[PDB]
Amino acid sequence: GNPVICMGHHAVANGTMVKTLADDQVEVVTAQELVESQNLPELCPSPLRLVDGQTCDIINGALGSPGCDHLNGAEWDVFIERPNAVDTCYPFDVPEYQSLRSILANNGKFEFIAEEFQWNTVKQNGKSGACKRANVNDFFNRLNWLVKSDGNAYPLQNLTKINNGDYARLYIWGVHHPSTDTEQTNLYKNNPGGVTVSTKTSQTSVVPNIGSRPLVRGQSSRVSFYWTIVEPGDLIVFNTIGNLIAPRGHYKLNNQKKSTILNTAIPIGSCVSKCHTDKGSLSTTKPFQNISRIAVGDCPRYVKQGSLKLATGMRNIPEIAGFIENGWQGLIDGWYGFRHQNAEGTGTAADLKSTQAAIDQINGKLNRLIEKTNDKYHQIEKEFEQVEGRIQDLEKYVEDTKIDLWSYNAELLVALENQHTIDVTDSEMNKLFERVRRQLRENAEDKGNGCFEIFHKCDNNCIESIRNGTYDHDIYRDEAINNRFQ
């Protein structure tokens, strides 16, 4: 009625507050941050293929403006478009600009196929002071500025290109908008001009608009650019009586389009990462991130929270007594264990089976919190210089809606996991106590503080018999029953 065996668990000086369904804050021994809030100050050039547009945005790249030559033949997973990109060529606009930019970016290559267009009588290769290369008048190198002949002729043009190849063709073409009637006739004889470009099942017809626009690189006139996709088995017809800015060929479209574009001033570095934001690449295994909604590649999901801590250990209670409202700061080789008091003295030993059982159920969630990949490339635009109305409203609402739902998911997930982690570790403690209870049977009594009073002589070999489960109560039953009740 003297030796005592106590059951307990580890503890630390002070651990980490986490969140459960019950408490807003519970202290636990260990925990892990689930939100990545650090980013690299650069973009990683591998394993994804990045192409730097440099001074050239992707639209000026497709057109072949001065300064964009480095993009001829380029192929990318991610086109890196620079906010300080500048226009170097004839002033132009693109109706549905954003859609052409999307298509070009998503296609993922600039593979241009020259074609001979046998324009009739008109002069070709018109060039401009608004589009110099090294101070020589020039023009977009994928386009061909047609003007009237020396004999003051611009006949109806009528050229067909048939696609019997195995890829869809992208043709980019334009309409010139002069500033005066005199400019219109000086360039194209006819007034008005006009352009119709058609396939079997679609058509674009454009009438030029004559008028003064703001001066840009000395020019008040403009080009408007259009595009036409021609599928295998289809064909394209160019018709004009003036003002056509003609293609010199077509771009090849990939059947599968899986690339995208990222607009950012962040330099390309030397690191390795498959996740890129507009702030730079992330190098992380965390499931969430609060760095930017703009994220391309294999990325954590964007959430609003700055921090979410996942418990990776039991409730922490610091400070002859077992578990019951003390933890053992001295237990450092296990999660649970035995502390005893007999004739030879005292000792503390870790229990492996319960310790492993807790770890398995808690490092059970550490394999599946980290497995779904979220590998995403072409998405939607998510920031905007100026308001546009209905479509931008929807783009913004869709993204806001998505972020709020994932933020909620993240919040709920961690609270649920932590509640489960606490319940599991509390349960494993109780299971250890109950295991010992069953071993002792009638040879001991519950002291109420997580300890058993053992009513018989129990030396260190006997204590160990309890700890390793070889203790036979029958050996000590007579001795114990007699000491208990008399």
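Position 1 is the first residue in the sequence shown; the rest follow in order.
Counting the unmodelled positions of the deposited sequence between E319 and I320 gives a gap of 4 to 9 residues.
Of the two stretches examined, 286-294 and 346-354, the record assigns the greater average C-alpha temperature factor to 346-354.
Looking at mean Cα B-factors across 88-96 and 103-111, the upper value is held by 88-96. Set against one another, the Cα B-factors of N460, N418, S46, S37 in the record reach their highest point at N460. For the set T182, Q305, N243, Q341, the PDB entry puts the maximum C-alpha B factor at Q341. For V424, the recorded CA B-factor ranks within the middle third of the chain. Only modelled residues enter the ranking. In this PDB entry, the Cα temperature factor of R368 sits in the top third of its chain's modelled residues, the highest group.
Ranked by Cα temperature factor within the chain, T312 sits in the middle third according to the deposited record. Ranked against the other modelled residues of its chain, the C-alpha B-factor of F323 as given in the entry falls in the highest third.
Among all modelled residues in this chain, the alpha-carbon of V195 has a temperature factor (C-alpha) in the lowest third.
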